[PDB]
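Participant: What follows is a single structure, and I will ask about it in a moment.
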Amino acid sequence: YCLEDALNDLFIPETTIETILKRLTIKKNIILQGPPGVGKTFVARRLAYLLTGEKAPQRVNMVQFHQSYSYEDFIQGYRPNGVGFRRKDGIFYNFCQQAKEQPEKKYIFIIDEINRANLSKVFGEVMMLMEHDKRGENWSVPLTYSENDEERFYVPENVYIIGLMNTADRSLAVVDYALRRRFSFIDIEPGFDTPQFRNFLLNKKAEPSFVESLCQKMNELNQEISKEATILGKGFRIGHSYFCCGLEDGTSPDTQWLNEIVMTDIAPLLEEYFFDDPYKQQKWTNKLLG
Amino acid sequence: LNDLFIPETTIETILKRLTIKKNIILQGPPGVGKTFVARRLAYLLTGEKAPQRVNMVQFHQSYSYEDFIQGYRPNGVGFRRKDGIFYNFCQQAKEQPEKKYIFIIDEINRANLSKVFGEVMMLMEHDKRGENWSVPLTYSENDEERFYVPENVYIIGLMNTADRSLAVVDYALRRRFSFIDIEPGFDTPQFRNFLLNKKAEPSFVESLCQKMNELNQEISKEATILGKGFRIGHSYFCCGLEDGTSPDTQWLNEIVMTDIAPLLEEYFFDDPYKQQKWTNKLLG
Amino acid sequence: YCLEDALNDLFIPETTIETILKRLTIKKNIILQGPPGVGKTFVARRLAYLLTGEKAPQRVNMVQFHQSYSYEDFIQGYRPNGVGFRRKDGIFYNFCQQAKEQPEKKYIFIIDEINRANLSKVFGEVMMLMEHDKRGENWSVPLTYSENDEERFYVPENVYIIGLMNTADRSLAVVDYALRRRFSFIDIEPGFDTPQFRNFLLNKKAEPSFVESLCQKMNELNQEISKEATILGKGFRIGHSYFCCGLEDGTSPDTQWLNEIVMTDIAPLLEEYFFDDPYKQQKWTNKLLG
Amino acid sequence: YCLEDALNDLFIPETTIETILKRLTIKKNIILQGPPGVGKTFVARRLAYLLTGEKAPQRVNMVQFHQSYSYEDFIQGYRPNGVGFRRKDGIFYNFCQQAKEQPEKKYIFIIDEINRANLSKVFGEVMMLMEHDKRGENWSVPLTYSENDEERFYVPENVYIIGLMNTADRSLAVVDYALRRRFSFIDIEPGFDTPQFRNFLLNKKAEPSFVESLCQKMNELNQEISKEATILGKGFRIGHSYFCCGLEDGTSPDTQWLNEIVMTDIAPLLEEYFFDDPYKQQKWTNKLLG
Amino acid sequence: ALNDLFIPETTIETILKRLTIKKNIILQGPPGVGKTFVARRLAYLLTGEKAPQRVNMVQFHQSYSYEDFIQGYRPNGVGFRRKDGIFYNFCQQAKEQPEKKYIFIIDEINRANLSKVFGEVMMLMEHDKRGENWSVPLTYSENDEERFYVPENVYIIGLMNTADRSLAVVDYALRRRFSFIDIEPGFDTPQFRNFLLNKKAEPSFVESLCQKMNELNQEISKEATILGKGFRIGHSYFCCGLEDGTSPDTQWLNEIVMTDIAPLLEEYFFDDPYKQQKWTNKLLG
Amino acid sequence: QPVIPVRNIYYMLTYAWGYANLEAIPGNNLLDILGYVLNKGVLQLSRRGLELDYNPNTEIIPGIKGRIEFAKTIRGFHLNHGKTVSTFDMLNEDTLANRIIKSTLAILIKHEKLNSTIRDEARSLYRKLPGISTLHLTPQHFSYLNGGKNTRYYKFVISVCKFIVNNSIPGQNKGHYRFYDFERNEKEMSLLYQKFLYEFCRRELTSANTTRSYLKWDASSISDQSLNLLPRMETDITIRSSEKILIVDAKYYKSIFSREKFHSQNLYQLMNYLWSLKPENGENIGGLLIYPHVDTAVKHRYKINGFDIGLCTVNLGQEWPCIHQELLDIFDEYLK
Ligand SMILES: Nc1nc2c(ncn2[C@@H]2O[C@H](COP(=O)(O)OP(=O)(O)NP(=O)(O)O)[C@@H](O)[C@H]2O)c(=O)[nH]1
Ligand SMILES: Nc1nc2c(ncn2[C@@H]2O[C@H](COP(=O)(O)OP(=O)(O)NP(=O)(O)O)[C@@H](O)[C@H]2O)c(=O)[nH]1
Ligand SMILES: Nc1nc2c(ncn2[C@@H]2O[C@H](COP(=O)(O)OP(=O)(O)NP(=O)(O)O)[C@@H](O)[C@H]2O)c(=O)[nH]1
Ligand SMILES: Nc1nc2c(ncn2[C@@H]2O[C@H](COP(=O)(O)OP(=O)(O)O)[C@@H](O)[C@H]2O)c(=O)[nH]1
Ligand SMILES: Nc1nc2c(ncn2[C@@H]2O[C@H](COP(=O)(O)OP(=O)(O)O)[C@@H](O)[C@H]2O)c(=O)[nH]1
Ligand SMILES: [Mg+2]
Ligand SMILES: [Mg+2]
Ligand SMILES: [Mg+2]
């Protein structure tokens with residue numbers, strides 16, 4: 001694999017990307033926060049093969065957390081083989097052993113929608129271990145269900161951790177500031193006013209006039225969203241994905257095509273963002289069309 | 001395509017939206033034939049009247065990830081890992097890639113939709129369907145064993161808009177689902193043609209649309225309290241006249257007291273006069 | 001091993017360090033409460049070797065409470081054997097037996113993030129027994145899952161217990177005042193003003209102005225953090241761990257490196273901290289940058 | 001077992017212990033209700049030997065309740081064999097059977113931290129027998145786990161039951177219904193303004209004025225706490241045992257010794273108490289040092 | 001039976017009109033209305049054969065669950081077996097006889113969580129989705145050989161009571177699938193008056209009591225919030241004790257006032273003993 | 001019998017609680033004002049999403065969920081009927097914080113004297129929270145919530161519920177409620193006045209430092225070092241700046257509202273505060289008495305016993321910004 005393969009279709013600047021791999025090589029734990037539809041899931045699979053430098057998925061593990069996920073599933077816990085219960089090494093525990101076998105090669109674990117599940121309960125023993133300076137056998141710790149003190153778990157140095165959390169819900173946020181310290185938080189923005197986003201459209205037979213009209217409009221609207229941080233923060237602003245997908249057949253992005261999606265997707269979204277203001281819904285919706 | 005009371009354009013939107021986007025939320029008041037619409041529509045997309053492909057469920061607050069996808073549950077001997085319907089269903093459709101298999105979820109609003117879907121809340125999107133996007137499940141014994149949505153699967157969500165719960169808003173799921181409103185369709189001829197081909201009076205049908213619209217418009221007057229999502233559906237009128245009793249003013253009078261009157265209480269709670277007013281308005 | 005060895009790299013004054021051993025030797029159970037990044041985990045392994053007087057791991061045990069530990073995990077519980085259950089002596093019970101193997105040499109048990117777990121549930125009977133006075137065979141008590149034949153578990157005198165409760169998560173704070181009497185609570189400050197921190201930077205190719213400027217700004221901020229108690233109390237004030245690490249390669253400390261820190265780690269924390277006005281966020285970030 | 005050994009060291013007035021001894025012979029089900037650090041656990045071990053008149057471990061039993069404690073361990077229940085389940089006599093069943101042998105000799109059962117577990121879950125059916133009037137073989141009952149109705153258990157009159165409960169937690173404001181009918185609550189004072197507590201210090205090379213100066217502030221402080229009812233009741237007030245301990249070396253009490261206790265125990269407790277008014281912490285902390 | 005029933009025939013006729021079409025129904029009314037006795041006679045009426053075997057009755061409670069109602073695993077002597085519940089067994093009995101109407105009685109339905117109990121089947125009981133077409137395999141049905149479908153013949157009656165002010169708004173699940181019916185106490189009805197005059201009751205004694213209770217029934221429902229129409233007293237207390245062999249009399253009523261209405265009167269208000277005493281004294285004479 | 005217009009009082013409460021349009025609402029009385037924000041405030045929260053706290057649940061279920069507790073299962077023999085005692089963390093909105101809001105809404109609806117629209121909209125929201133359990137509110141509940149884990153926004157709206165609960169009186173009916181006539185009592189109004197200023201001063205007077213100072217008597221007594229008998233003295237506020245220190249004593253009196261004799265007994269407290277206080281910097285010492293008046297504002301300065309003292313008033317009922325203007329204008333004079 002090579003770097004440029006990823007960057008061709010990526011709307012985010014490389015400057016952010018260079019910042020990202022710099023931290024990740026250092027910190028080994030990171031959190032990518034933005035609104036939905038900005039390619040967090042998109043970049044993450046790409047990014048792993050960059051960091052390794054080779055497109056090895058076996059060294060990559062990708063999971064989505066949720067409420068029905070626990071330390072028993074993740075790390076270790078007792079589960080039924082059948083008649084007899086057994087100790088079942090969780091998925092992360094298995095992943096760490098694989099990386100130990102090949103210390104040189106970087107092994108990467110990808111957690112989508114991390115902010116949902118109670119990380120405090122899930123990581124637990126890991127919450128201390130995962131930090132960049134505390135990895136290795138010197139800091140080996142026995143687990144809850146370890147048979148004796150000698151059975152101990154230490155994070156390998158090669159491991160890199162990726163955290164993916166949407167900023168739409170203030171309810172689900174990583175308020176545990178101690179947990180915040182382990183992770184290096186890099187915001188990601190919608191990136192409408194980018195060449196690579198525009199080049200993708202023009203490459204798909206798009207009008208440069210329509211494009212400049214488009215990006216300017218959303219940029220103003222997204223900025224309006226960031227303004228009312230008390231009500232709706234910058235994290236709430238619309239992503240670029242709505243416009244991205246749907247042209248695979250070859251349909252040209254005319255003004256009509258945009259007008260169709262706005263009615264179907266963003267319009268009810270706008271209604272929710274402005275529960276109290278119908279005019280503000282009417283204002284921006286009509287603003288787009290003309 | 002004959003007995004449907006919803007506009008032909010609206011269904012044409014859906015089929016184009018559905019095939020492309022593969023995920024939708026059909027939101028409207030009760031009595032708009034959400035169940036019948038999708039079931040009628042589902043056979044169109046397959047092109048054949050195949051019920052085995054189609055499976056429907058009605059979510060509820062106690063519904064859980066244990067039920068839908070995977071879960072540890074008891075056999076006669078003891079406990080084992082039991083594949084929920086969707087894992088069972090997706091495998092069945094995965095067996096036959098060519099044909100289009102459908103999954104219908106009623107009363108979706110009740111359950112904590114994030115909780116139920118879990119892993120597939122990411123996977124369900126049309127682009128992230130395939131072995132590349134497979135992931136090991138929560139309860140998967142091994143990291144190598146994974147689950148991926150097949151491309152043939154298409155998903156339909158049916159939503160009652162009259163019970164908003166100010167508990168959880170997810171705008172990310174809204175990215176997955178293309179939301180499509182459904183109006184009752186009293187104005188539509190297809191609703192009228194059904195009744196006039198059931199020996200109704202021409203004025204009686206015309207009188208009803210005036211009566212319902214005045215009520216429905218008032219419901220949508222105060223968007224904050226109620227909305228077009230709250231307004232009354234038509235389906236109550238469909239049922240009960242196929243026995244052989246053609247429409248009459250008495251039959252109307254039954255339904256008002258039978259069905260709508262609690263709704264009024266539900267809607268216009270602690271305001272009997274408005275209920276009595278709007279009730280009596282229809283009877284006159 | 002001696003204090004000179006431990007306090008070579010530690011940023012803490014000796015003042016607390018002797019105070020720590022003073023309360024410990026009399027009381028035998030203590031807790032260090034401070035925000036994350038102040039070396040709570042860092043001191044703990046060093047402290048253990050002081051009292052024993054030697055760098056020995058065997059006499060020491062380290063664990064973390066993750067809000068899913070239980071009395072069955074800590075002390076005594078039933079575990080599946082191949083077909084049927086058996087009783088397993090927990091780690092602490094396993095640990096105390098080692099400590100009483102030789103009373104002469106001191107044994108230490110180290111618990112990270114102790115505040116998480118419901119300590120009353122886990123320790124149970126031990127909550128009385130841990131205290132210095134009620135130790136030894138005189139206060140032997142029979143355990144819950146002990147055999148009908150009288151078999152009793154008593155804390156050896158040599159044992160010392162250390163707890164590590166972060167001060168960020170308010171909810172996860174000790175309200176078991178009965179338990180808080182067994183322990184002695186030692187506040188730890190961020191460590192900005194200390195020269196031992198400053199020397200660590202200056203020894204690592206740093207300007208005294210840039211160092212002295214840094215401490216001035218942070219101390220201003222923590223006062224503002226300390227100013228409030230409604231949301232952000234004194235305990236929330238920022239630790240020094242962020243600045244400590246990442247310079248091993250030879251990167252000298254400068255505004256470039258500092259700028260990377262502020263944007264990447266602190267700037268997320270601040271907006272998460274305040275979430276009322278960006279101006280306060282824009283203010284203090286620019287202050288550190290400028 | 002002379003009272004002089006028992007009562008000389010104690011800080012409590014001889015009146016209340018005598019009053020306690022009265023009801024204990026009378027009702028045999030007693031609860032000591034006071035904040036931690038007033039010797040509730042301390043007295044009860046002595047009190048058992050007072051009644052018997054001898055230092056006998058066999059006739060006196062001590063336990064601490066917690067959530068894991070249950071009927072099946074307390075009274076009777078089934079313990080797994082390698083596969084099979086074997087019934088096992090619990091503590092109280094085994095304990096009373098000893099008391100059945102010697103009806104004349106008084107037998108004592110001490111339960112610390114009783115509120116933590118529900119009595120009904122543990123005691124259950126036996127709460128009928130436990131009451132003072134309905135004791136003896138006349139009221140015998142067959143057990144839940146008794147193989148046959150023939151096997152029966154009755155609480156002999158000789159056993160006395162002691163419960164140590166701390167009024168330091170918010171949940172205990174709603175005291176359990178099971179306790180109130182069957183137990184007689186008695187309040188233990190903090191016992192600062194007592195001769196023996198003072199005389200304890202005076203024997204330990206203490207200035208009277210420094211001793212007398214301290215008590216008024218402690219007496220003053222606890223009065224302030226008791227005035228509140230919403231957050232901190234009278235039961236939360238400070239106990240007298242922080243000061244007792246730590247003089248085993250012979251080091252004389254002084255502001256130096258006292259200041260250690262204030263900063264390392266009482267200062268953060270006050271932060272927990274007076275979270276709402278941090279300045280109120282400053283008011284007292286400065287007051288005590290002066 | 002209609003003459004034995006005290007409620008308006010119009011409501012009796014109206015209900016059979018609704019249930020036959022709707023197939024799901026719930027009766028909400030005061031305690032002491034003979035709601036259970038009402039449904040049974042109605043159940044026998046609709047079938048036309050006075051068959052108890054077709055009839056099965058259940059009383060819900062908060063613990064009541066899917067294992068009790070539908071299916072669950074119960075311990076064997078060794079190991080455990082899948083154990084058919086009531087509704088699973090009941091419908092399969094009805095499945096053999098499609099023509100034959102089969103009825104199910106759920107008492108105190110509002111206490112339990114319908115969803116937790118029914119689960120999957122909670123949609124299948126909706127009249128629109130009935131028969132083999134809507135068959136679904138059960139949670140514990142390990143194989144797909146058999147799926148559970150309620151056949152058309154089934155009718156479900158739910159007995160709910162408007163007695164309790166503690167009760168909040170009914171669960172949304174119920175409202176959807178069920179038609180809510182209010183049952184009158186039936187004091188005013190002649191059929192109840194002919195149920196006392198047939199016992200040689202005085203017309204003055206009969207008519208006075210009707211007016212007497214009506215005076216109360218208005219006052220109890222006069223309260224806007226706390227005590228509504230549903231609270232008002234039913235007639236069932238009056239039935240038991242007259243046709244056993246003892247004739248009606250004011251002294252017989254006087255005992256009844258103290259027995260049921262007097263504590264009930266205390267229970268509803270629970271504030272003013274005089275207001276209770278005034279009403280209790282008013283009832284007696 | 002004049003009191004301040006009710007709308008402006010809400011601004012004082014906001015500063016008192018340490019954190020909107022009231023022009024729209026037509027209800028002069030307070031409860032219309034307070035409920036509208038609460039009714040609207042919850043709607044603001046729900047847009048973002050209400051707080052969900054992981055609540056552990058340990059129960060008897062037909063399968064493995066989360067962590068099975070081996071002990072409770074074997075003791076209860078739940079294996080035989082295919083059941084386990086297992087612990088898992090269901091995520092609900094039924095926490096104390098959310099429960100307080102919902103039960104309060106019942107109180108708000110039950111209030112006898114209230115705008116019709118406010119009562120109607122709240123009843124909607126009460127239905128809109130089906131999962132939450134109603135509760136009987138006490139300060140003890142609010143007392144437990146001093147942790148304040150919730151957001152800054154939650155803590156503001158919660159404080160509102162505290163005002164309502166304590167200032168709710170049953171009226172004509174046993175069920176319904178009636179609002180307290182808060183304005184009439186001076187004492188809480190004074191405590192409002194003092195608390196309003198202290199948090200206000202931190203906001204606007206960033207230039208100066210604002211702290212409450214406890215004071216100690218200069219006295220020595222042979223009898224007791226404690227001096228418990230002596231009155232406890234704690235400043236209402238002290239506002240210290242490099243150029244000048246300044247202590248303020250402010251109280252809410254009904255007599256002063258009348259434009260005659262003057263009620264200034266609080267001055268007696270003030271002088272002794274000046275005496276017991278000794279400044280290390282020794283730049284200067286100044287005092288201020290500030291009171292609420294209805295009609296107009298009057299300012300005087302005095303030089304009494306070597307101290308520079310101000311008496312001043314504020315024309316409450318004028319306008320909140322001009323009042324906000326006036327207060328900052330006031331301190332500029334004396335802070336010099
Ligand atoms: N072709 C292309 N698609 C992109 C690019 N960036 C984002 N997308 C598209 O946007 C969609 C969502 O990607 P995703 O990472 O899941 O966004 P997200 O922020 O993770 N969303 P969420 O947080 O809700 O899961 C996909 O269609 C993805 O391919 C891009 O640079 N090129
Ligand atoms: N070299 C050196 N590093 C220090 C010192 N103090 C803290 N650190 C560093 O700061 C980082 C974290 O320290 P740590 O003990 O884990 O803080 P903590 O309070 O235990 N963390 P938490 O509260 O989150 O559990 C490590 O790099 C640690 O070595 C110090 O005095 N010297
Ligand atoms: N010399 C002396 N020591 C006392 C006296 N009262 C308490 N102490 C000491 O206080 C320490 C703890 O006493 P303890 O009984 O455990 O308090 P408690 O009520 O049991 N604590 P908790 O409520 O938390 O369980 C012991 O050192 C005990 O001897 C006393 O009157 N005289
Ligand atoms: N002919 C015809 N029947 C309809 C139409 N809409 C609904 N129905 C019938 O109304 C009955 C109930 O529909 P249902 O799905 O339960 O209502 P909903 O789920 O609330 O939308 C079924 O017989 C439907 O087929 C329609 O548009 N045309
Ligand atoms: N004969 C006759 N008895 C009735 C009638 N209504 C109620 N009852 C009697 O009242 C009793 C049942 O009352 P019910 O309310 O169901 O008792 P509950 O279930 O405990 O509330 C039985 O004696 C019924 O026969 C009726 O209309 N005719
Ligand atoms: Mg994504
Ligand atoms: Mg640490
Ligand atoms: Mg104790």
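Following the order of the structure tokens, chains are lettered A, B, ..., residues in each are numbered from 1, and ligands are numbered from 1.
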Compute the set of protein, DNA and RNA residues whose minimum atom distance to ligand 4 is at most 9 Å, using only C-alpha atoms and all ligand atoms, and state it as a PyMOL selection string.
Facilitator: (chain B and resi 2-6+28-38+40+106+158-160+184-185+190-191+194+233-239) or (chain E and resi 126+128-129)
Participant: Residues up to 10 Å from ligand 7, counting only C-alpha atoms and all ligand atoms: could you list those as a PyMOL selection string?
Facilitator: (chain A and resi 127-129+131+134+178-179+181-182) or (chain C and resi 34-44+112-113+164-166+241)
Participant: Include N, CA and C atoms and write out the residues we just selected as a compact mmCIF listing (two decimals), in the first residue's frame.
Facilitator:
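Output file part.txt is given in full below:
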# COMPACT_ATOMS: atom_id res chain seq x y z
N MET A 127 -7.96 0.68 31.32
CA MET A 127 -7.99 2.13 31.34
C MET A 127 -6.67 2.71 31.81
N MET A 128 -6.00 2.01 32.71
CA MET A 128 -4.66 2.39 33.13
C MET A 128 -3.63 1.87 32.14
N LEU A 129 -3.79 0.62 31.71
CA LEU A 129 -2.76 -0.06 30.94
C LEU A 129 -2.51 0.59 29.59
N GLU A 131 -2.19 3.42 28.32
CA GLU A 131 -1.44 4.64 28.09
C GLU A 131 -0.04 4.36 27.56
N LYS A 134 2.94 3.29 29.85
CA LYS A 134 2.70 2.22 30.79
C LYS A 134 2.58 0.86 30.12
N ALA A 178 -10.45 11.47 33.07
CA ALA A 178 -9.33 10.56 33.15
C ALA A 178 -9.23 9.73 31.89
N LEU A 179 -10.37 9.29 31.39
CA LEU A 179 -10.37 8.56 30.15
C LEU A 179 -9.97 9.46 29.00
N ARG A 181 -7.70 11.67 29.07
CA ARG A 181 -6.26 11.91 29.05
C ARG A 181 -5.53 10.88 28.20
N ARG A 182 -5.96 9.63 28.27
CA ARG A 182 -5.30 8.59 27.49
C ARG A 182 -5.42 8.86 26.00
N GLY C 34 -6.13 12.88 43.42
CA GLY C 34 -5.74 13.98 42.57
C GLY C 34 -6.23 13.80 41.15
N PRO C 35 -6.23 14.87 40.36
CA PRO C 35 -6.64 14.73 38.96
C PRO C 35 -5.69 13.84 38.20
N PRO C 36 -6.11 13.34 37.05
CA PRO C 36 -5.24 12.46 36.26
C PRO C 36 -4.07 13.19 35.67
N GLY C 37 -2.93 12.51 35.65
CA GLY C 37 -1.73 13.06 35.07
C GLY C 37 -0.76 13.64 36.05
N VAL C 38 -0.92 13.36 37.34
CA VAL C 38 -0.07 13.88 38.40
C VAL C 38 0.82 12.80 38.97
N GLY C 39 0.94 11.67 38.29
CA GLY C 39 1.85 10.64 38.72
C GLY C 39 1.31 9.76 39.82
N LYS C 40 -0.01 9.72 39.99
CA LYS C 40 -0.58 8.85 41.01
C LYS C 40 -0.20 7.41 40.74
N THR C 41 -0.41 6.97 39.51
CA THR C 41 0.06 5.66 39.12
C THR C 41 1.58 5.61 39.17
N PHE C 42 2.22 6.74 38.87
CA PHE C 42 3.67 6.79 38.74
C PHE C 42 4.36 6.59 40.08
N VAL C 43 3.90 7.29 41.12
CA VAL C 43 4.54 7.17 42.43
C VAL C 43 4.33 5.78 43.01
N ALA C 44 3.18 5.17 42.72
CA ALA C 44 2.71 4.03 43.49
C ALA C 44 3.67 2.86 43.45
N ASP C 112 -5.75 0.71 41.60
CA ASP C 112 -6.01 1.87 40.76
C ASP C 112 -7.50 2.09 40.58
N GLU C 113 -7.87 3.37 40.49
CA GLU C 113 -9.26 3.78 40.27
C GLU C 113 -10.20 3.10 41.26
N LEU C 164 -6.31 4.80 45.02
CA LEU C 164 -5.99 5.77 43.98
C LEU C 164 -7.28 6.25 43.31
N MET C 165 -7.87 7.30 43.87
CA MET C 165 -9.15 7.83 43.42
C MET C 165 -8.92 9.15 42.70
N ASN C 166 -9.27 9.21 41.43
CA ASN C 166 -9.18 10.47 40.71
C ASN C 166 -10.29 11.39 41.17
N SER C 241 1.14 15.80 33.42
CA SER C 241 1.59 14.63 32.67
C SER C 241 1.68 14.93 31.19
Participant: Please list as a list in words every residue within 9 Å of residue 76 in chain D, counting only C-alpha atoms and excluding residues in the same chain fewer than 2 positions away.
Facilitator: residues 71, 72, 73, 74, 78, 87, 88, 89, 90, 91, 92, 93, 143, 144, 145 and 146 of chain D
Participant: Give the answer as one residue: which of A:23, A:169, A:157, A:75 has the shortest atom-to-atom distance to residue 124 in chain A, using only C-alpha atoms?
Facilitator: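 Result for the nearest residue to residue 124 in chain A: A:75.
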Participant: So which residues of range 175-223 of chain D fall under alpha helix (DSSP H) by DSSP, listed as a PyMOL selection string?
Facilitator: chain D and resi 177-182+195-203+208-223
